[PDB]
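Novice: I am attaching a structure below and will ask some questions about it afterwards.
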Amino acid sequence: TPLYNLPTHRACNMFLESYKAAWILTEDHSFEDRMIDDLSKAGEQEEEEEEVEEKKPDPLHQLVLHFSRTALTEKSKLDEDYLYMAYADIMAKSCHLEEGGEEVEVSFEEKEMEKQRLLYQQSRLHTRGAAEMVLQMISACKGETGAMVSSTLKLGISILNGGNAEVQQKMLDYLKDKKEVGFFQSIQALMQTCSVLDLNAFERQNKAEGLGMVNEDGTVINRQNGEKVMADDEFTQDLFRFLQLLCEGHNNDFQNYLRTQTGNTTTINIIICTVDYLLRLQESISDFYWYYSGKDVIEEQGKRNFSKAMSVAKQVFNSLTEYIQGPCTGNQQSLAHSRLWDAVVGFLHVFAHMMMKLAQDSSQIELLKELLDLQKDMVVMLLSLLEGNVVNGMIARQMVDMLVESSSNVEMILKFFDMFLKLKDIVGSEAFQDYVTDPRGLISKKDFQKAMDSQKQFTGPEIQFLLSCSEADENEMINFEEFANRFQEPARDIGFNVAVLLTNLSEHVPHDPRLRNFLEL
Amino acid sequence: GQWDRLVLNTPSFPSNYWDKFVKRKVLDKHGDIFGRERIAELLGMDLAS
Amino acid sequence: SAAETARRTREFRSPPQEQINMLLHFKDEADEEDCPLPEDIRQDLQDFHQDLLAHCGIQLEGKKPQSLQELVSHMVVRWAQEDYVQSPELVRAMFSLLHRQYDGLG
Amino acid sequence: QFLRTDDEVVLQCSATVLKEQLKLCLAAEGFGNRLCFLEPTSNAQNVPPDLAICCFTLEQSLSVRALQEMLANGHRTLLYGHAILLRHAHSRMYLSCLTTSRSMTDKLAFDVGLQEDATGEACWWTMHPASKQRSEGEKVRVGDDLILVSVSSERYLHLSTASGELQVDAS
Ligand SMILES: [Mg+2]
């Protein structure tokens, strides 16, 4: 259908839509900082030496107490108040402009100057009732999830991005003075509303895309919606980021306050809910792996779903390391008595099987390094669990029991690390039978494969996975030297931390014959 | 080190030392990492088969 | 002389919304889109864009108010500066008005 | 206490009927008779019951079975929603549902009996909680009420109390 011949009003409407699409790629911006700056600087105009009180509040503080009064009004349902979200985004951008701004790009002096810029931006906002107003906004909503609570969580992340221990002190002081219930109930209710990946929903995700066309090409409503296997991907990450930022710096009060509350009449454990969410995520990943076990190839949508799933898992693990950071004997005993072992056995199982199955495809190496990075954060968390460990102990005994229960995956990963490390030495060996020195090297990869298969000593099988990793068009380069032995910086980094873990578990919990086999392997 | 290379190829290497099977022990120890033929040739041992 | 497949599929096989979009798309971009169309159309489009932008609160740089938006903004700032206001409806009204004059194109 | 695979476990039912607590166990002869009957051991002190006909063994437990598609080409704790495999102790046969059955409520009436080789879909049964105290993904303990559903019959494994002495059927 040609553009000519069409009535005019439909063309004008399409022009309005296209010009709206082209309208705002980037906005004026800074306008938020300009507004905050103009309201902040002249609090007080011509005083004429008239001070009825100690200090009359500037209009920024007036708006802060207006929002606090609006949140403190007792109701049954929370209204929209889109202007509140607009001001929240304005102040969040004003506070986080320096955070978004942040070889060697900057020097020490400029880095310190930008740190002072961020500190001044945070002090412009938090020397008011901002923390009280965001706590009141969180406590206002019981379990309802929306854009307003997401904006509030983003603002809370923006305030304590660099830790902001003074804001933490004010937070604890107000929580202990008010001693009210509802904040932890709202946090738990928002935690239960989080969803995971679904297999029946994934088969429904198989169906619709297969329709040849909907409306014009893909249906416009479906194409923009893209629908999802994770209804709210950002909200869970923002919630765990805010919880991490509350405990970012070593402040024991919060590591114990989250476990139990003395002033409040009801105790809600965030750590147990986090363990249950991690169990649900582990079950979802195991189900997705079992469904994808039959197929030998993974689509790009599956790659994206895995990337977001392990991003969420990495965020949860970073929150866990932040809690177990500190000496914190109570949370260490709680994780000793929790159901974390059933989660981590399945995690080790899916790590071993996904690394074994995922290694053959060369184009999926990015997902493999993401999985390896997640394993890193896991072994960092495991190392952080061993802080303050007795020689005999009971945490070390539970770790030994975990290794015994997950023996097969541990032996598999140790055997793999043995085989790829052993291969780097054999290639440096005479290897007279390959007989080639070349930029390609190119032991004809197909020709090399009969030659590679012959090893006088050690392993015949390992070379074949390597051949697949090498790019081989016309067998132009086995290039065993080029793309130097695959992912060395990535896998070598996940080897030192499983080594020091074995050294820690070997020096402690002595006289255990079951760990001797693991040490020998 | 340079002067000891002449006695390695001689068949009469063990004369005063009690162990007469040092060449076989070295061949069995380094037969897998290094080539059996090269280590055998370097220590004399003609017609190893 | 050639197939001219791309021109044909862009002109007659494309949906008309996609036709007008790709007709206009990336004309704001300086170097991209291979510079389609005559230059008077592009110049008029950029002229209207900079026109409306100057009509809004965009500075386009490259004390007296003298217009409505700065007058209203300074009125709100001075009204908040002089005294601690107590009626919440007035506070909501002035904050909404200040947001409207500050936002502009939004 | 949680139950694990490779361990011999029997299945029973405790039903108040005829104003009396009747404990019933599923017992299958194996050789000679493939169908299963029910044995009441309420008067265990008075009349001794038969034990070898009743016992069963747990072979495996898999939540998601891709094994069947591949075929078409240690001790692990049981959990809710996991399919299990039952093997007879005496006849070394596997319990399953059968297509042809005696017809009372004829549409919803499939019998249960042994088969020699576990190369079919009817062998596996999935466990679900009876009460809200235990949810899915929770470990199964001794003395907890469970409901077993065959993956092929899609039936609740019902006891028949409709004017009969005692019948067991996929209903
Ligand atoms: Mg830390």
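FYI, nothing fancy with the structure tokens labels: chains A, B, ... in order, residues from 1 per chain, ligands from 1 as they appear.
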Counting only C-alpha atoms, a student should be able to say which residues of chain B come within 12 Å of chain A; what is the right answer, written as a list in words?

Specialist: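 Filtering chain B at 12 Å from chain A with only C-alpha atoms gives residues 30, 31, 32, 33, 34, 35, 36 and 38 of chain B.
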
Novice: Pull the closest atom pair for each residue of chain A that gets at most 8 Å from ligand 1, along with the distance in Å to one decimal, counting only C-alpha atoms and all ligand atoms, ordering rows by chain and then ascending residue number, as JSON lines.

Specialist:
```
{"residue": "A:248", "atom": "CA", "partner": "ligand 1", "partner_atom_place_in_ligand_line": "1 (Mg)", "distance": 6.1}
{"residue": "A:249", "atom": "CA", "partner": "ligand 1", "partner_atom_place_in_ligand_line": "1 (Mg)", "distance": 7.1}
{"residue": "A:318", "atom": "CA", "partner": "ligand 1", "partner_atom_place_in_ligand_line": "1 (Mg)", "distance": 7.7}
{"residue": "A:321", "atom": "CA", "partner": "ligand 1", "partner_atom_place_in_ligand_line": "1 (Mg)", "distance": 6.7}
{"residue": "A:322", "atom": "CA", "partner": "ligand 1", "partner_atom_place_in_ligand_line": "1 (Mg)", "distance": 5.1}
{"residue": "A:325", "atom": "CA", "partner": "ligand 1", "partner_atom_place_in_ligand_line": "1 (Mg)", "distance": 6.5}
```

Novice: Select, from A:112, A:355, A:186, A:56, the residue with the minimum atom-to-atom distance to residue 138 (chain A), counting only C-alpha atoms.

Specialist: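 Looking at the shortest contact to residue 138 (chain A), the residue is A:186.
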
Novice: For a test of reading the model, state the distance in Å between CA of residue 52 (chain D) and CA of residue 90 (chain D), rounded to one decimal.

Specialist: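 Atom-to-atom, CA of residue 52 (chain D) and CA of residue 90 (chain D) are spaced 6.7 Å apart.
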
Novice: Contacts of region 236-244 of chain A at 9 Å or less, counting only C-alpha atoms, minus same-chain residues fewer than 4 places along, as a list in words?

Specialist: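 That gives residues 150, 153, 154, 156, 157, 160, 161, 187, 190, 191, 194, 195, 232, 248, 311, 312, 315, 316, 318, 319, 320, 322 and 323 of chain A.
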
Novice: Can you pull out every residue within 10 Å of residue 66 (chain D), counting only C-alpha atoms, but drop anything in the same chain fewer than 2 positions away, and send it as number ranges by chain?

Specialist: A: 290-291, 293-294; D: 62-64, 68-71

Novice: Please dump the current selection as a short mmCIF file (atom, residue, chain, number, x, y, z; two decimals), in the first residue's frame; keep N, CA and C atoms.

Specialist:
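part33.cif, written as the output of this step:
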```cif
data_model
loop_
_atom_site.label_atom_id
_atom_site.label_comp_id
_atom_site.auth_asym_id
_atom_site.auth_seq_id
_atom_site.Cartn_x
_atom_site.Cartn_y
_atom_site.Cartn_z
N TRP A 290 16.43 -29.64 33.43
CA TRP A 290 15.87 -30.93 33.07
C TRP A 290 15.05 -30.86 31.79
N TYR A 291 14.38 -29.73 31.55
CA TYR A 291 13.62 -29.59 30.31
C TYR A 291 14.55 -29.40 29.11
N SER A 293 17.57 -30.56 28.94
CA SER A 293 18.55 -31.65 28.87
C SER A 293 18.43 -32.42 27.56
N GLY A 294 17.21 -32.60 27.06
CA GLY A 294 17.02 -33.37 25.84
C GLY A 294 17.62 -32.70 24.61
N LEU D 62 12.14 -39.93 40.84
CA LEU D 62 12.52 -38.85 39.94
C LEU D 62 11.35 -37.87 39.81
N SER D 63 11.65 -36.58 39.95
CA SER D 63 10.61 -35.56 39.85
C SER D 63 10.15 -35.38 38.40
N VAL D 64 11.10 -35.28 37.47
CA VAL D 64 10.81 -35.10 36.06
C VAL D 64 11.45 -36.26 35.30
N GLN D 68 11.74 -41.90 29.94
CA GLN D 68 10.84 -42.54 28.98
C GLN D 68 11.17 -42.15 27.54
N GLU D 69 11.48 -40.87 27.29
CA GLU D 69 11.83 -40.45 25.94
C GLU D 69 13.15 -41.07 25.49
N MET D 70 14.12 -41.19 26.41
CA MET D 70 15.38 -41.85 26.08
C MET D 70 15.17 -43.33 25.79
N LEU D 71 14.29 -43.99 26.55
CA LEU D 71 13.96 -45.38 26.30
C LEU D 71 13.22 -45.55 24.97
#
```

Novice: Neighbours of residue 517 (chain A) within 12 Å (only C-alpha atoms; same-chain residues fewer than 3 positions away dropped), as a VMD selection string?

Specialist: chain A and resid 400 403 to 404 407 410 to 411 414 502 506 512 to 514 520 to 521

Novice: Running DSSP on the backbone, which parts of region 80-144 of chain D land in strand (DSSP E), as a PyMOL selection string?

Specialist: chain D and resi 83-88+94-97+112-115+125-129

Novice: Would you tabulate, counting only C-alpha atoms, all residues of chain A that have an atom at most 12 Å from an atom of chain D, showing the closest pair of atoms and their distance in Å to one decimal, sorted by chain then ascending number, as a Markdown table?

Specialist:
```
| residue | atom | partner | partner_atom | distance |
| --- | --- | --- | --- | --- |
| A:199 | CA | D:64 | CA | 11.6 |
| A:276 | CA | D:137 | CA | 10.7 |
| A:279 | CA | D:137 | CA | 9.4 |
| A:280 | CA | D:137 | CA | 9.0 |
| A:282 | CA | D:137 | CA | 11.6 |
| A:283 | CA | D:137 | CA | 8.9 |
| A:284 | CA | D:137 | CA | 11.7 |
| A:286 | CA | D:64 | CA | 9.9 |
| A:287 | CA | D:64 | CA | 7.8 |
| A:288 | CA | D:64 | CA | 10.6 |
| A:289 | CA | D:64 | CA | 10.7 |
| A:290 | CA | D:64 | CA | 7.2 |
| A:291 | CA | D:66 | CA | 8.2 |
| A:292 | CA | D:66 | CA | 10.3 |
| A:293 | CA | D:66 | CA | 8.5 |
| A:294 | CA | D:66 | CA | 7.7 |
| A:295 | CA | D:66 | CA | 11.3 |
| A:339 | CA | D:138 | CA | 11.0 |
| A:342 | CA | D:139 | CA | 10.8 |
| A:343 | CA | D:137 | CA | 11.7 |
| A:404 | CA | D:74 | CA | 11.5 |
| A:405 | CA | D:74 | CA | 9.6 |
| A:406 | CA | D:74 | CA | 11.5 |
| A:407 | CA | D:74 | CA | 11.3 |
| A:408 | CA | D:74 | CA | 11.2 |
```

Novice: Can I get the selection written as a compact mmCIF listing (two decimals), in the first residue's frame, with N, CA, C and O atoms?

Specialist:
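The file below, result_26.txt, is the result:
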```txt
# COMPACT_ATOMS: atom_id res chain seq x y z
N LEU A 199 7.79 -23.68 33.41
CA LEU A 199 7.96 -24.52 32.22
C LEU A 199 6.71 -24.54 31.35
O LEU A 199 6.81 -24.52 30.12
N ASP A 276 14.15 -19.60 51.57
CA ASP A 276 13.03 -20.20 50.83
C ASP A 276 12.99 -19.72 49.39
O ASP A 276 12.73 -20.51 48.47
N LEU A 279 15.67 -21.51 47.56
CA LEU A 279 15.22 -22.87 47.27
C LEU A 279 14.29 -22.91 46.06
O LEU A 279 14.41 -23.79 45.20
N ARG A 280 13.36 -21.96 45.99
CA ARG A 280 12.45 -21.89 44.84
C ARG A 280 13.22 -21.60 43.55
O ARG A 280 12.93 -22.19 42.50
N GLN A 282 16.39 -22.36 42.97
CA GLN A 282 17.13 -23.57 42.66
C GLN A 282 16.23 -24.62 42.00
O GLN A 282 16.64 -25.28 41.04
N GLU A 283 15.01 -24.77 42.51
CA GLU A 283 14.06 -25.70 41.90
C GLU A 283 13.71 -25.27 40.48
O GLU A 283 13.61 -26.12 39.58
N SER A 284 13.53 -23.97 40.26
CA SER A 284 13.22 -23.48 38.91
C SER A 284 14.38 -23.73 37.95
O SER A 284 14.16 -24.15 36.80
N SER A 286 16.70 -26.06 38.25
CA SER A 286 16.78 -27.50 38.04
C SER A 286 15.72 -27.97 37.04
O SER A 286 16.01 -28.81 36.18
N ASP A 287 14.50 -27.44 37.15
CA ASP A 287 13.44 -27.81 36.21
C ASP A 287 13.77 -27.35 34.79
O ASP A 287 13.54 -28.08 33.82
N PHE A 288 14.31 -26.13 34.66
CA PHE A 288 14.69 -25.63 33.34
C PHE A 288 15.82 -26.45 32.74
O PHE A 288 15.82 -26.72 31.53
N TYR A 289 16.80 -26.84 33.56
CA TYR A 289 17.88 -27.70 33.08
C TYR A 289 17.36 -29.07 32.66
O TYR A 289 17.80 -29.61 31.64
N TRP A 290 16.43 -29.64 33.43
CA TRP A 290 15.87 -30.93 33.07
C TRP A 290 15.05 -30.86 31.79
O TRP A 290 15.01 -31.82 31.02
N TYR A 291 14.38 -29.73 31.55
CA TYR A 291 13.62 -29.59 30.31
C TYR A 291 14.55 -29.40 29.11
O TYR A 291 14.27 -29.92 28.03
N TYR A 292 15.64 -28.66 29.29
CA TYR A 292 16.61 -28.42 28.23
C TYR A 292 17.66 -29.52 28.12
O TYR A 292 18.57 -29.40 27.29
N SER A 293 17.57 -30.56 28.94
CA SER A 293 18.55 -31.65 28.87
C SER A 293 18.43 -32.42 27.56
O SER A 293 19.44 -32.87 27.01
N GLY A 294 17.21 -32.60 27.06
CA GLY A 294 17.02 -33.37 25.84
C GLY A 294 17.62 -32.70 24.61
O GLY A 294 18.29 -33.35 23.80
N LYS A 295 17.40 -31.40 24.47
CA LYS A 295 17.94 -30.67 23.33
C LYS A 295 19.41 -30.35 23.54
O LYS A 295 19.86 -30.05 24.65
N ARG A 339 17.78 -24.56 55.97
CA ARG A 339 17.71 -25.53 54.88
C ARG A 339 18.61 -25.15 53.71
O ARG A 339 18.31 -25.50 52.57
N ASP A 342 20.20 -28.17 51.43
CA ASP A 342 19.39 -28.74 50.35
C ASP A 342 19.41 -27.84 49.11
O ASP A 342 19.32 -28.34 47.99
N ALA A 343 19.53 -26.53 49.31
CA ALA A 343 19.67 -25.62 48.17
C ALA A 343 21.03 -25.78 47.50
O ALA A 343 21.12 -25.90 46.28
N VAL A 404 30.09 -34.88 51.12
CA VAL A 404 29.80 -36.31 50.98
C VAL A 404 28.52 -36.52 50.18
O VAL A 404 28.47 -37.37 49.28
N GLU A 405 27.47 -35.75 50.47
CA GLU A 405 26.21 -35.88 49.75
C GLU A 405 26.36 -35.46 48.29
O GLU A 405 25.77 -36.09 47.40
N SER A 406 27.14 -34.41 48.03
CA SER A 406 27.39 -33.93 46.67
C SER A 406 28.74 -34.41 46.15
O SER A 406 29.48 -33.65 45.51
N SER A 407 29.08 -35.67 46.43
CA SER A 407 30.40 -36.19 46.07
C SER A 407 30.59 -36.26 44.56
O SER A 407 31.67 -35.97 44.05
N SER A 408 29.54 -36.67 43.83
CA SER A 408 29.69 -36.90 42.39
C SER A 408 30.02 -35.62 41.64
O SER A 408 30.91 -35.60 40.78
```

Novice: Need to verify the contact set: residue 56 (chain D), 12 Å, only C-alpha atoms, exclusion of same-chain residues closer than 4 positions in sequence. Can you return it as a PyMOL selection string?

Specialist: chain D and resi 5-12+25-28+51-52+84-95+114

Novice: Pick out the closest residue to chain C from this set: A:188, A:158, A:26, A:193. Count only C-alpha atoms.

Specialist: A:26

Novice: Tell me, as a list in words, which residues lie within 10 Å of residue 168 (chain A), counting only C-alpha atoms; anything in the same chain fewer than 5 positions away does not count.

Specialist: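 My reading of the contact set: residues 131, 160, 163, 173, 174, 245, 246, 247, 248, 249, 251, 253 and 254 of chain A.
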
Novice: Pull out every residue of chain A that has at least one atom within 8 Å of chain C, counting only C-alpha atoms, and report them as number ranges by chain.

Specialist: A: 1-3, 14-15, 18, 22, 28, 31, 35, 39, 42-45, 56-59, 62-63, 66, 83, 216

Novice: Rank D:39, D:20, D:29, D:169 by their smallest atom-to-atom distance to residue 111 (chain D), using only C-alpha atoms, and report the top residue only.

Specialist: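 Once distances to residue 111 (chain D) are computed over only C-alpha atoms, the minimum belongs to D:169.
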